[PDB]
Every structure is written in structure tokens, then in C-alpha cells.
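S.K.: here we go, the starting part of the complex in its complex frame:
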Amino acid sequence: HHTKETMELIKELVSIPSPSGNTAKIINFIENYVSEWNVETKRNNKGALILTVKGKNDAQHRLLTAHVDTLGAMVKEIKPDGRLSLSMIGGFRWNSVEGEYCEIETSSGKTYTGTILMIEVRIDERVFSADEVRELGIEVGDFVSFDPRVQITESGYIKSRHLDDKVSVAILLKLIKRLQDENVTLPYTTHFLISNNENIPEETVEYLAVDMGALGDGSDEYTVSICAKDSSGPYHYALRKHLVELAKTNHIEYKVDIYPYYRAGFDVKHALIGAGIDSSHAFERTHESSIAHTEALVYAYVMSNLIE
Amino acid sequence: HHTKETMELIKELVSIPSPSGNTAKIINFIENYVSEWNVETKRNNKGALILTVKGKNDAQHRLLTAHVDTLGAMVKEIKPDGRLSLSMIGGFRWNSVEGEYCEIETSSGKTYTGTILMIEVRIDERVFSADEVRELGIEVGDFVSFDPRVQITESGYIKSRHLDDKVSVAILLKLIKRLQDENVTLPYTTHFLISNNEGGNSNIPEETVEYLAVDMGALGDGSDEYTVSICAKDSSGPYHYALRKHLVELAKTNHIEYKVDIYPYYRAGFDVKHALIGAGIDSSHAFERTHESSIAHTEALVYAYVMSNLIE
């Protein structure tokens, strides 16, 4: 019921285009969504969003993050035949988007539909030349989003070519709401940063990314993934050991894994967890059970003491 | 006698496993080693160690750095035969660790031995399945360290596959102890940062003006294990020219044997003049070696440097 409502919000969020560079509409949608809530809200100079819940101890803070920007593409050239050429936004294989339907947003704000072909866009508009295309409003620089084909299954899976990383974004939002409905008091001021590319009060002590990577083997879409290392290196040992203990104490099904394809600069202990997706940066999927387990870890985490 | 002792320290240090991500033991060991000393010490949130020796001028600061974390690996998967699969910690070639003995450390801090084969671990334990391996306490996530085969040669070389940068750590430590034993006054407050995370990272008093990495690299040329190495450029780009010219002059003034090098391997966001020196290491990252005399010249240059004025 909780988890299902969580899944509905994923669908809502994935259904709004927000490729890196063009996330305004989704940050707004989020500003309004929490606008009645208790949480203090703050928009960056970049247009990222920081949501702060005051806690008992406001001299030491905890930071959780999840990103709303997604892969996408940009119009790099209008071809003389009127098909569009694209520059990629984010790290995928073009292969995994051949034939996807997509949308093109103009400066003006008008949108058109299209299909990705091979890298071209066949626009759904009787237009046969570069001037014809321009007449439409479309220009080099325009953002192109890929239609996410989002679907929620009765057997409890959420399937889509997004989930980069809107699952986590919903989780942080439901968590915030829950603190409120239930009058939970956080032991520490905790910031939830809803970032818009793939800044931090000086008193932040711990930093948890909520996000989801690929493995190189078997994924598990039924448990929460707690990352011990990624391509930038091992995550903070002690804090990771802490999260594992939280999971066991609370009987949350988890998995400890390495993400080989995934700050350091801020004096802060870093950890990473997220739901298990499958076939990430392509056609992506996870099951309600992983989302529940993840919801439960984040809560357990946010309620624990800072590491010794 | 001084330099031989320095080497003793390297050997002790190299003998504590400490691959990036799992450097607690070694940092505690260092915290202790200096615990009676006059040097103010400070652990950050990251578990890096900052050792500070106050100087005449406490308005402008000098920062020296050297790193304690080493290469290693981590258990990425327990195979159904019972043999272990590994993710790499650091930038090396697997080749250079085929048949190394290693040590697998458990959550609960239990330890087992093994051998790297071609890339997996044959654990020195009578276990034939994923299950009986886990029975041992071993789990995906566990740190694996490569046995360093450290040895000090009567002819003055120190060798191990895997010296990493613990040569430099020993040099900073002995320098700090020398400042105290001989009652020397630093001209500037000087920070010695024992980092734990190769990039790496830092956080450092706003009044730092100069930043010297003490570390060692490979050439693409072929190294010199008898002189101190002064880096003119690496992948990040050339090092601060003037400060680098300063370091060469110190070496000449003091008759320290040096070489000016380019390291085609191994950054900036802090308004700070950067330099890099270290002993010459041979076959770096692969099977490493340096000599008594290079360590002595390096000790001498670091000292001369720390006693000099900031560049005008």
C-alpha cells in the first residue's frame, strides 16, 4: 500500500522528461509536491533542490542524495533531408535506444514526437528539409528525451527504460513524508539533495548516495543493494559495515556488491545504497520487494547514531 | 645508522596490510608511533591523519603529503568451487600479481591466507563450495591484501613487489622526529598529511601556500634508484616551475644527488603551489626497489625544503 504508492510516484516522475541539462519542469513538479509539507526547501544556483529536515542535533548533519536528471540526447544538427542528428546526454550505448520513440522540446517550449533510428530522429511531422524543420521551432541545442515505456506489473515489477535514478528520488520523498505523518524525530539535521547532474553544509558528517548500478554477473531485484566499491574505489568501510548491521538488525534483505561501472574533496564519510535494478542504462526493472527493503534501510539508517 | 633505521620503518610499515579503503590498522599504528611526540595530530572524517608541527610563522603554511593506502583487491564473488573472485583496488596489471600470496580479511576481522592465480584466490583452507567459504566468515566485500615479500639487502636496497608510497611515509615520520630530537625550529607551520585514499583528496588550512607531494613514479625511459627524483611534470601537467627550480637549487646548495623527471602517470582546486619529489623506485607498481642512498638524498631534500623560505 505504502510500497505501491511509492511505485505510483516513480511512474509519475519517470513520466516527466528530465534529461541532464533540462530538469526545470521536474524540479518544479517536485517543489510543489512537497510544498504543503513541513520540510524546508531550497533551490540551488544550478537548480538542484535541497530538502532539509531539522533534527535533535543540528551541530552534526547527515546528507542523502538521489538524482533526477536522466539520459537523453540533444539536437546537434538538422540534416538536409529533415531527419535530426543527435549528441548523447549521459553514458549509454546508442544500440539500446534504436527505435525508441522520443520527444523534441523547442526553446519556445513546443514539443514534437519522433523515433530514434540508425543516429537519426525521424520526426512525426510532414517535414522534408532543414528549413521546414526550423519553421517548426526546432533548432540545434534542443533537448530530446526518450519515451520511457513505464509499466507497473500486477506481479509487482516496475519496468521502464528509466529508473535512472527516479526510484531513489521517490524513496527519499516518501521517507520525508513519513517522518512527518508519524512525528518521528531525526537524531540529526538531514539534508535530502535532489540533484540534477549525474553543495553541502559544513557540518555534514555522513553522505549516503541513493542510486543503483550494474554488476558484471548474476542482478537481485528483490533485495537492497549496499555498495562496497565502485569505479572510483571502495566506499567507507566502517559506515558500510554499519549499514549491513542495520539491515540484519531490522531483517531487511540485502546484498553487498561492487559496481564496476560507476565527492572525494569533502571531508565526509561516503556510502551508497539503492534498489536492485536489472539491465541498467538500457531496459530496466526492479520489484516492489527491493523497493520496500530499500525504503526500510534508508529509514533505519536515518534514525541511527553517527559511526564511532 | 639514521637511514638504516628509516628502512626499518618502511619494512614495518609495508608489513601492515593497508589497501585503499581498509587503512584503519595502519593509521592507528602510526597514531601510536608518534603519540609521545610533540607533534599535534588529527584524524579527519575520512580517517586520514594530519600531523602538525608549529613554525615561527604561523600565518603562512607549507603542506607535505604521502599516502599509506596501497593496491589490493576485494572479494567480488565467491565461486561455486570455493575459489574467490576479485575486484582490483588501485591501478596495476593483474599479471604483476599472478601467484602472489595474499591475506583475506573478514568483517569480524578474522584472517585467512591464499594465492592469486590466473583472476582468483585459492584459499589455503579445506573448503569446496560457496557455502563452506561463507562458513569461514568470508563474504563479498572483504579486503584482500597482497603479501609484500619485503626484504632489506646487505648492499643497501629495499625490495618488495608493493612498496607503494610507504617509503615516503617513513621519510615524513623520521623528519618530524628529527625536528624534535635536534630542536630545530621550522620557519613555517608545516602540515604532514598521511592520506589514505588514492584521485586522493584533501582538506587543508586556508593559509597553506606550498604543497609538496612526497611520492614516486615510473618513467617511460628507464629508474634511478640512487638519487632523489624531482618531478617536472606528470599526467596532470607540469608542476609549478619556480617552486621546482627552487627544489633543484636546494639540492645543489646541499650537494644532494638529484634527477629531474617526468612521470607519465598520476590535481588542483586549491590556490597552492604544487611540487612532487620522492626516492627513485624501479619497476614501480610491478616489483619495486630503491636503494639506501636514494632514501638518504630524499631525506636530505625534504629537510632542506622545509627549512627554506616560501618562493617570492
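M.R.: Arrived safely, thanks for sending. Residues are numbered from 1 along each chain as shown, chains lettered A, B, ... in the order given.

S.K.: quick one: contacts for residue A:249?
M.R.: Contacts for residue A:249 (CB atoms under 8 Å, 6 or more residues apart in numbering or on different chains) come out as residue A:300. In this view, the C-beta of every residue, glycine as well, is placed from N, C-alpha and C.

S.K.: can you check the one 3 residues further on too?
M.R.: The contact partners of residue A:252, by CB under 8 Å, 6+ apart, come to A:224, A:246, A:293, A:296-297, A:300.

S.K.: just flag the most distant two among the residues you listed.
M.R.: Spatially, the most separated pair among these is A:246 and A:293, at 11.4 Å (CB to CB).

S.K.: what about these two, which has more around it?
M.R.: Neighbours were counted for residue A:246 and for residue A:293 using other CB atoms under 10 Å in any protein chain shown; residue A:293 has more, 26 against 20.

S.K.: can you tell me the SS state at the more buried one?
M.R.: Following DSSP: H, G, I helix; E, B strand; the rest coil, we place residue A:293 in the helix state.

S.K.: could you single out the nearest of the contacts of residue A:252 to residue A:93?
M.R.: Proximity of the contacts of residue A:252 to residue A:93 (CB to CB) peaks at residue A:224, which lies at 27.2 Å.

S.K.: torsion angles phi and psi at that closest one?
M.R.: phi -90, psi 140 (degrees, to the nearest 10).

S.K.: residue contacts, it?
M.R.: By CB under 8 Å, 6+ apart, the residues touching residue A:224 are A:247, A:252-255, A:273-276, A:290, A:293-294, A:296-297.

S.K.: closest one of those residues to residue A:87?
M.R.: For the contacts of residue A:224, the nearest to residue A:87 is residue A:274 (27.9 Å; CB to CB).

S.K.: doesn't that closest one fall inside a helix?
M.R.: No. Read with three-state DSSP, residue A:274 is strand and lies in no helix.

S.K.: near it, how many other residues are there?
M.R.: Residue A:274: 28 neighbours (other CB under 10 Å).

S.K.: beta partners for it?
M.R.: Under DSSP bridges, the beta-bridge partners of residue A:274 are residue A:225.

S.K.: my read: it touches residue A:295, true?
M.R.: No. Using CB atoms under 8 Å, residue A:274 is not in contact with residue A:295; the gap is 11.4 Å.

S.K.: around chain B, pick out the residues from the stretch 101-250 of chain A.
M.R.: When proximity is defined by CB under 8 Å from any CB of the partner chain, the stretch 101-250 of chain A lies next to chain B at A:205, A:216-217, A:228-229, A:233-238, A:240-241, A:244.

S.K.: which ones among the residues you listed map onto helices?
M.R.: Under the assignment DSSP state H, those contribute A:237-238, A:240-241, A:244 to helices.

S.K.: which of those are buried, as a PyMOL select command?
M.R.: To isolate the buried ones among those in PyMOL, judged by 16 or more other CB atoms under 10 Å in any protein chain shown, type:
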select buried, chain A and resi 237+240+241+244
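
S.K.: tabulate the ones in helices among the residues of the stretch 101-250 of chain A next to chain B (CSV), appending distance to residue A:23.
M.R.: Below are these laid out as CSV (distance: CB to CB, whole Å):
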residue, distance to residue A:23
A:237, 34
A:238, 34
A:240, 30
A:241, 35
A:244, 33
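
S.K.: can you report phi and psi for residue A:32?
M.R.: Residue A:32 adopts backbone torsions of phi -70, psi -40, taken as degrees, to the nearest 10.

S.K.: would you list every one of the helices in chain A?
M.R.: Using DSSP H, helices in chain A cover A:2-14, A:24-33, A:130-135, A:166-181, A:237-249, A:288-302.

S.K.: append chain C to the structure above:
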Amino acid sequence: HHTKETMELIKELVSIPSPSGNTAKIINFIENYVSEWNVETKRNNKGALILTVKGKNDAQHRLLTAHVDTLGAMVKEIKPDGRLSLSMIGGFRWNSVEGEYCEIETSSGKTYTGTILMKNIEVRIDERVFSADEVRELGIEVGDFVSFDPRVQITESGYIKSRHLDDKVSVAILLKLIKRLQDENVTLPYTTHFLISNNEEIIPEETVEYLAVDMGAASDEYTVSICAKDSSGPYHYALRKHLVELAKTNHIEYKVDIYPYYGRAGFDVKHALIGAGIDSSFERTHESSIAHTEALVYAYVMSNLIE
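M.R.: Below is chain C, added to the chains above:
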């Protein structure tokens, strides 16, 4: 206690360098080790040992054998920078010795330490030398033997691991077995010869059966290996069937195996091959497989010839 003493000896032998061509020291060490024993000991033109124990039957002989020579290298050229260039002794792969510590013995007995690095593979000598002249000045010369540090370790868990073994395990087995026969004063049914060779990486006329104790290349390091054939071809079928019966009879854990790369082509004798189970001929075996091997040569030795 018996079995861990066998591992002590193995480690002791592995710690004496002995690559093919330069085995005097170890041969001496062995020749000394048995000097007080009840066994007839005969050195050799090639410098190998033969230890003979008389039995009941002295017109039909048995021979067991194991070798003390090992992989190694020899100095092939001293390079202009003073690094050493090597020629392989034995048949291994070069990659498998990159970064290994090694030792260089001079014509006059001086030894220097070194590291192997990269057939274009060299030795970095642990000495301040910069030229052919300075190297020779140490007394190093083309022709010098080079041995690789065996890095031998016996673990609280019962494994013995090195990068040598290959055949010193067997040598210690033959050695220890010979000893116990004169301790326990049982009588061999046959005069048997124990040949300790020094050239098997590179004998009486009344001998009937020839058992080699040696190790070849998903392995099992907890059992005695009995060889059914190797690159040379099938081992005597009758005799191997015997060694298997002998194992079952005596409840020795065994595996029957084919060494596809393992090398008396034409002396008229019945041939056999067994040995402890080696992993990756960097090498390891467990003590249980040594115990199983020890029990098997014993029963073999006490057995009767086949009709």
C-alpha cells in the same frame, strides 16, 4: 607426528637450491642425512644417489625413484647496463617467474641475490653495478647458475605451498620410508633400489619393476595420484591395476589420472608412476595427500611382483 616430520624435510630440501646441472649441495645434504642409517649408499658418475636395501629375494629387484633437480636458469649474457640475461633450465613458462627473487652462484661459490623481470627476461642484481665489467668484477659469469626463491610455506591448515616442490615432496617420502624400514626392522620381500636422480628435468640388470614417484599437472591435493599414462604413453597396465588394488586394500584415498604433459625408454622393466597430488605444477599440496602417498609406496614396497 610422523606426517608433519615428512613436511619438515620437504621444506628443508626445498630450501637447498638445486637446479638441473647444479645439484652437488643437496646431494651432499642427503648423502649426509643417511650416513648413520642401515642402508647401502652409492654415489654416481653423474652424481646421483642410489640407496639399496636387501630383501629376501635378491635375484629379482625393484627400483623406486625421485629427483632433486629443479627448474632454474643460467646466465646467458651479461648486458651492457649490467643486467643479466637468462637461459631456461627445465621446461616451464617464463611469465610464471616474473618478479621472483633469485640467487646467483659464482664459479667460486659466492652467491648474489636478484629479481627476475621482463625470452627477453632479465635479472636485476641486488648490487651497485652498472656495466658488464662491474658485474664480472663480482665474479658473475656466463655459465653461472640461477635458482628461484622457492617461497615455501606450511600452513596451520596442513597445506604446503611453494613454487617448486615437483619432486622434493617425493624425495622426502623415499628418504623417510627407507628410514622407517630400518627403524621398524621389517624385511623387504625384494632387494629394492632407491634412486635419487639429478637429471630428470633435462640401474641393476635384475630390476623387474620401476616405480617413479613424481608429480604431474581440476586437481586433487588430498589423494595419492596413480598415473595411467602420460605424454610417453600408457604405464604398465598390470602394475597400475596392482597399485590401485593396493590402495583399496589398504584404504588409501587415491585417484587414477592422466598427465597429458608429463615426461628408461628402452630398459626391459615394468614401469609405474605415482605421486602426491600437486596443484598447478605455483604449487600446492595438502598433508593428507602426502600421508596417502606415504602409505602407498610402503604397501607397494611390501607387495609381491605380478605373474
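
S.K.: the neighbour count of residue A:274 again please, this time with chain C.
M.R.: Residue A:274, neighbours per other CB under 10 Å, totals 28.

S.K.: so residue A:91 makes contact with residue A:281?
M.R.: Yes. Between residue A:91 and residue A:281 there is a contact under CB under 8 Å: 6.8 Å.

S.K.: comparing those two, which shows the higher neighbour count?
M.R.: residue A:281 (18 against 9).

S.K.: contact partners for the more buried one?
M.R.: Contacts of residue A:281 (CB under 8 Å, 6+ apart): A:71, A:91-93, A:96, A:164, A:214.

S.K.: buried stuff in stretch A:15-32?
M.R.: Buried-residue list, stretch A:15-32, by 16+ other CB under 10 Å: A:16-20, A:22-23, A:26-27, A:30.

S.K.: list the buried residues in stretch A:272-285.
M.R.: In stretch A:272-285, counting by 16+ other CB under 10 Å, buried: A:272-278, A:280-281, A:284-285.

S.K.: and stretch A:171-190, by the same measure?
M.R.: Buried-residue list, stretch A:171-190, by 16+ other CB under 10 Å: A:171-177, A:179, A:186, A:188-190.

S.K.: between the two ends of that stretch, what distance do you get?
M.R.: 15 Å (CA to CA, to the nearest Å).

S.K.: quick check: closest non-adjacent residue to residue A:20.
M.R.: Leaving aside its sequence neighbours, residue A:20 sits nearest to residue A:69 (CB to CB, 6 or more residues apart in numbering or on different chains; 3.9 Å).

S.K.: thought the one you found was touching residue A:18?
M.R.: Yes. In this structure, residue A:69 is within contact of residue A:18 by CB under 8 Å, at 5.6 Å.

S.K.: quick check: neighbours shared by these two?
M.R.: If you check residue A:69 and residue A:18 against CB under 8 Å, 6+ apart, the residues they both contact are residue A:196.

S.K.: okay, now residue A:292: neighbour count?
M.R.: 20.

S.K.: with the flanking residues excluded, which residue is spatially nearest to it?
M.R.: residue A:3 (4.8 Å).

S.K.: which residues sit in contact with the one you found?
M.R.: Residue A:3 touches A:288, A:291-292, A:295, counting by CB under 8 Å, 6+ apart.

S.K.: dump the residue contacts of the residue of the stretch 151-300 of chain A found nearest chain C.
M.R.: Residue of the stretch 151-300 of chain A nearest chain C, by CB to the nearest CB: residue A:217 (21.5 Å). Shown in contact with residue A:217 (CB under 8 Å, 6+ apart): B:76-77.

S.K.: got it, and the one 5 residues further on?
M.R.: Taking CB under 8 Å, 6+ apart as the definition of contact, the neighbours of residue A:222 are A:253, A:276, A:287, A:289-290, A:293.

S.K.: ok, so of those, who is nearest chain B?
M.R.: Using CB to the nearest CB, the contacts of residue A:222 come closest to chain B at residue A:276, 13.9 Å.

S.K.: I figured the closest one hits residue A:255, correct?
M.R.: Yes. Taking CB under 8 Å as the definition, residue A:276 is a contact partner of residue A:255 at 7.0 Å.

S.K.: and the gap between the spatially most central residue of chain A and chain B?
M.R.: Chain A has residue A:165 as the residue nearest its centroid, 2.2 Å off, counting by CA atoms, centre = their mean. As judged by CB to the nearest CB, to the nearest Å, residue A:165 and chain B stand 22 Å apart.

S.K.: just to check, that residue is in contact with residue A:197?
M.R.: No. Taking contacts as CB under 8 Å, residue A:165 lies outside contact range of residue A:197: 11.9 Å.

S.K.: quick one: common contacting residues for the two?
M.R.: residue A:67.
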